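Encoded as structure tokens, the structure appears first; notes follow it.
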Amino acid sequence: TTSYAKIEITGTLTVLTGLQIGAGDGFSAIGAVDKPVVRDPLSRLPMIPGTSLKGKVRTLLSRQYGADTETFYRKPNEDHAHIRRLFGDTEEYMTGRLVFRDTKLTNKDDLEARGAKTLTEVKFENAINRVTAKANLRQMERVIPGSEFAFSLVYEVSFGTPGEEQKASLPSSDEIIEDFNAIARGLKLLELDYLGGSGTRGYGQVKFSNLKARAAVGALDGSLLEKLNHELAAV
Amino acid sequence: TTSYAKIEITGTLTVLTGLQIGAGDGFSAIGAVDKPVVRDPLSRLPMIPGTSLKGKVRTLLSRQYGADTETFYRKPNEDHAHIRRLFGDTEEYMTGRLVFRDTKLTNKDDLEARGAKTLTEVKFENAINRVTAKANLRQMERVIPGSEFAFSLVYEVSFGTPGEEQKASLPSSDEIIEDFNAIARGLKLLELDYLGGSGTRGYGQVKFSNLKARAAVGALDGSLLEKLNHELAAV
Amino acid sequence: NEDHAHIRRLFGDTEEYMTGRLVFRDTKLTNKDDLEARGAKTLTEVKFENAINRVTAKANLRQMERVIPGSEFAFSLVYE
Amino acid sequence: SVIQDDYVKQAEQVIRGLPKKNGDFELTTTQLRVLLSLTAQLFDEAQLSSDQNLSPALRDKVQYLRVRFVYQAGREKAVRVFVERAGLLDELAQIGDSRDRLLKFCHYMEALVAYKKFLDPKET
Amino acid sequence: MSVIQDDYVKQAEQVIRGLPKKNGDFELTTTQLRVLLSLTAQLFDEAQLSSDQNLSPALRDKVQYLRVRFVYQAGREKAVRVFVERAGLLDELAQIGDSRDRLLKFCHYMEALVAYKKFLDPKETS
Amino acid sequence: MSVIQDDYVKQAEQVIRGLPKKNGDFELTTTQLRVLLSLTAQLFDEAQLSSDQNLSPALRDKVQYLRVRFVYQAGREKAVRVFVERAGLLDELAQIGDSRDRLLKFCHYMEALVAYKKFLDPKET
Amino acid sequence: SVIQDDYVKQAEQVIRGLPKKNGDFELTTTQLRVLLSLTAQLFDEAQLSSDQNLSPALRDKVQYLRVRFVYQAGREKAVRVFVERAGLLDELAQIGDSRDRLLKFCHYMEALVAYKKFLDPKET
């Protein structure tokens, strides 16, 4: 490219079937269920930690690139050079280029405007036996399917970590298209998947809306921001 | 300038997502997590050091001044001439014109009135092996959101270190506004980035409030303290 | 020796005002029993710092010792 | 007022006097998880609030909690002996608009489900 | 009174050795005490900075919350249930009362049990 | 009944030469012992300036805490566990009842293990 | 013994052969100021004694000096080369119960620092 820039990608994350990230497991309240969900430690709002959002998209992208090249990526630092470019590693691209964020719930007042009382439902499940059928109970807690979260992530355009034996340079404008194409390809794979929890039993179906890019610091090349908004137009 | 002055910039740094400035060692001694945070030895409050805040802002400005001039600065003695007169080096501008300070947590009793049982949360993260689908749990500690630190930063107007090749001179009224534009630009990059560690996975988002300059010693001009507050109002 | 005449008569020089009027003293820690009552184990803290190489993104650990905040020193100064 | 200053001592004697079958403790902790999830959200908004007197919205939520303690104790024989012995329907009428009456009630309520799990087997 | 003896480091060594085995590796982990260890450290950091020998009423209602989170945690875990009974942590917490030095005596005994738990146990040490 | 063989400089060399090495270097560095070498300096400088022949109860209190901090550090580190059990530090800390003379022999033996630790391998500058 | 007779010309052999870097030398006397002050307080006390066998109050002063040479050599690079090329660490291990063996080490140590400072124009 020509100069330093930071690209901000805003949007909206809405929950379609009930979400249970559930990484509390003991830290939560005393009058609570056995498997509680992640809440904010001050305002008690349900949250999405951002480590689960980053690790799920890297797992789904390592299987899409691992089926087109017919190899099994055994661990990170053995991934593709397009996944290890925007997600980090510890070998030659030492830092991300993508900064994920934690996300609180936003439409709390819109849910009590309708007839919703608790922000999290409690669902009872069963385990039946395939001969002389007797059943044992478990209780699950999950966020209600009307919730909305303020999705955001930042993208940085700089020299990066060049390495001890290399000549440093900026990524060209053709390479920023291939980075944004893999973001929206990895966000369309998440709309088929379930973002943490049970998932195969109906949990965590999620949807993206109003994805658009900005230029938060520094100018861009010109007629480049509008074709980054077209890669994000198909989610 | 024809005078001597010391300007003091005060404000408020607030915590949006959870912040972890690690310590490694440092005597917590009762069941502590594998990744603790930096505290105070006497008041036992969470703190932000002056080395973490100075070193993060200097690298964000060398990435911007470096990419806009097509030059990769590989050591702090090779930085731009506007960076080395503010932060200092060991060849030409021996001491920097800026003094950073350590900050401690201020609104402890405000957070305890709103229902915080502890000043730091413990977060359970989990790495998943791609072959056996097993679980590699870990415990991370970080400062809770809503915490608020008192920010302070001093600026000096004097001769500096006028080496034997040059004569001594005070900075003019155009160099002082040129320096405060670089301070306000460098603090705006920190809001579009992270502080501390694990920031590509959602940690350490901050925000600055109520920035205002004030001449603590000496006499400035009449139309100079309102031009320096005009630069800090863009943060 | 090139300082102001108000500087060289308080601190002294070697040409005109041979000895200063101010006598500074060395000071050591006084509230050593007040700090240990409030749960301070050692009078000094060890700070862990870092220096990240900009080419390879590697860390260079160093350890610094410093006096903890909250200490007090009984200041003294004599004028003649 | 029925809640003492040392509420943990009187909340333990309530659980020791609950009725029992040939086993023990016909009342379980799963029969009132819809009453525990409504109490644990009244405790949150009362704690985050700053004013001393309650909101109008912070009285419609307390009044809805009192209609669930009668609609659940009505359709369950084990629950209605627990509400009448712990005196939960007497304490909810004392909380008119004072915030510290609510937080003293929610601290006493969660000291009853502590000794409900500890004083018996069959709960993990 | 005084269920914690002097030379408590010898008393804490015999408590951890008297735990059930379950094929060598212990039933009790330090992850099951994580919500309890993070509350005792907050109580120790506030009683140490104080000066008066009687606990403030803003500090005597954090001991009553701590002894109601111990009872709830011992009720739904059987590994934590025997450890609380073998060490006598609920009897000491009820007998703290209002003195500053029967609360600091509890927290020094609490550190020795976690210190001997990580030492006498493999499948740890990372 | 001490581990110190009245020389403690040959014995402090018979420990660091027997520490389990790895493919590259030693498995134990000196950055892992900073929390224990900072508490042992406060016991040295306090017991030195005392004129009595037995420890004060305020001085005897911080030997129990150094005894607990050794057990916790040896529990969560493999290299510190193989070093504490080799030198015999946890059995020697139970021998100091209240004797000032047996406390001073521990601090002399402690800094003879740190001196040969810096000398017998590189990566200590 | 490692110390030869006429140690003054032996001490000039050690200082003449050293890792002279791009400057004059790489070892400075400020890097062994702590060692030069413990030796001078040992030589000025073992010379004023009378008995041929060293006192036990002087036996542990050799032990602290021996630990001091081990710690300094492992910490500083430029002093590690000095203590083995001159043979100092394998000389402190021999002074068990001999007063005159202590004086041979201290007289040899004085000749080393005399040629150390004379043979470079950086120190003074």
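Results, tabulated for the structure shown:
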item: Total residues in the stretch A:42-55, condition within 30 Å of D:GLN31 (Cβ to Cβ) and either assigned to a loop (DSSP other than H, G, I, E, B) or touching a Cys at 6+ places or on another chain (Cβ under 6 Å) (or both); result: 2
item: When residues of the stretch D:93-121 are limited to those that are outside any helix (DSSP H, G or I) and among the aliphatic types (A, V, I, L, M), the one surrounded by the most Cβ atoms within 10 Å (Cβ to Cβ); result: D:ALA111
item: Filter result for B:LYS123 (out of contact with any strand residue (DSSP E or B) (no Cβ under 7 Å at 6 or more places or on another chain) and of a type in the set (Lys, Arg)); result: no
item: Residues located in the stretch B:157-191, provided they are more than 23 Å from the chain's Cα centre (by Cα) and either buried (at least 20 other Cβ atoms within 10 Å of the Cβ) or of a type in the set (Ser, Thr, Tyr) (or both); result: B:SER158, B:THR161, B:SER169, B:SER172, B:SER173
item: Identity of the residue in the stretch A:218-229, of a type in the set (A, V, I, L, M) and over 30 Å from A:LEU195 (Cβ atoms), that ends up nearest to the other protein chains (Cβ to nearest Cβ); result: A:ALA219
item: Test: residue in the stretch A:126-140 that is over 22 Å from the mean Cα position of the chain (by Cα), within 25 Å of B:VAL131 (Cβ to Cβ) and not in a loop (DSSP other than H, G, I, E, B); result: no
item: Residue list for the stretch B:192-235, filter: in a helix (DSSP H, G or I), surrounded by fewer than 16 Cβ atoms within 10 Å (Cβ to Cβ) and under 21 Å from the mean Cα position of the chain (by Cα); result: B:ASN229, B:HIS230
item: Failed item, numbered, when F:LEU55 is tested on (1) more than 17 Å from F:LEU33 (Cα to Cα); (2) surrounded by 20 or more Cβ atoms within 10 Å (Cβ to Cβ); (3) facing chain E (nearest Cβ under 10 Å); result: (3)
item: Selected residue (only one of B:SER209, B:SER147 is touching a residue at least 60 places away in the same chain (Cβ under 8 Å), away from chain A (no Cβ under 12 Å), polar (S, T, N, Q) and within 30 Å of A:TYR155 (Cβ to Cβ)); result: B:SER209
item: Residue in the stretch B:56-69 that is surrounded by fewer than 19 Cβ atoms within 10 Å (Cβ to Cβ) and not in a helix (DSSP H, G or I) present; result: yes
item: Residue pairs meeting the criteria (Cβ under 7 Å; at least 6 apart or on separate chains; first without any contact (Cβ under 8 Å) to a residue 24 or more places away in the chain, in the stretch E:59-86; second of a type in the set (S, T, N, Q)); result: E:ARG76/D:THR124
item: Of all residues making up the stretch E:1-55, the number that are of a type in the set (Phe, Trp, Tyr) and part of a helix (DSSP H, G or I); result: 2
item: Selection within the stretch F:82-92 - surrounded by fewer than 17 Cβ atoms within 10 Å (Cβ to Cβ) and part of a helix (DSSP H, G or I); result: F:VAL82, F:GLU85, F:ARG86, F:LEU90, F:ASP91
item: Those residues of the stretch B:58-76 which are more than 8 Å from every other protein chain (Cβ to nearest Cβ), closer than 14 Å to C:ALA51 by Cα and not basic (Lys, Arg), in sequence order; result: B:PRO76
item: Residues (over 26 Å from C:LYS41 (Cβ atoms) and assigned to a loop (DSSP other than H, G, I, E, B)) located in the stretch E:59-73; result: E:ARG60, E:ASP61
item: Residue ID - farthest from F:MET110 (Cα to Cα), chosen from residues in the stretch F:25-52 that are of a type in the set (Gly, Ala, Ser) and within 14 Å of chain C (Cβ to nearest Cβ); result: F:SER38
item: Out of A:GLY50, A:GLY18, A:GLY26, A:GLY55, sole residue that is facing another protein chain (nearest Cβ under 8 Å), on the phi < 0 side of the Ramachandran plot and touching a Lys or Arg at 6+ places or on another chain (Cβ under 9 Å); result: A:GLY55
item: Search result, residues across the stretch E:94-118 that are free of Cβ contacts under 8 Å to residues at least 60 places away in the same chain and facing another protein chain (nearest Cβ under 10 Å); result: E:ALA94, E:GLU111
item: Any hit, the stretch B:32-42, residues being buried (at least 20 other Cβ atoms within 10 Å of the Cβ) and within 14 Å of chain A (Cβ to nearest Cβ); result: no
item: Residue within the stretch F:60-81 that is away from chain E (no Cβ under 12 Å) and buried (at least 17 other Cβ atoms within 10 Å of the Cβ) present; result: no
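Here Cβ is always computed from backbone atoms with ideal geometry, including for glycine, and neighbour counts include all displayed protein chains. We did not get these values from a lab; they are worked out from the coordinates using the rules stated.
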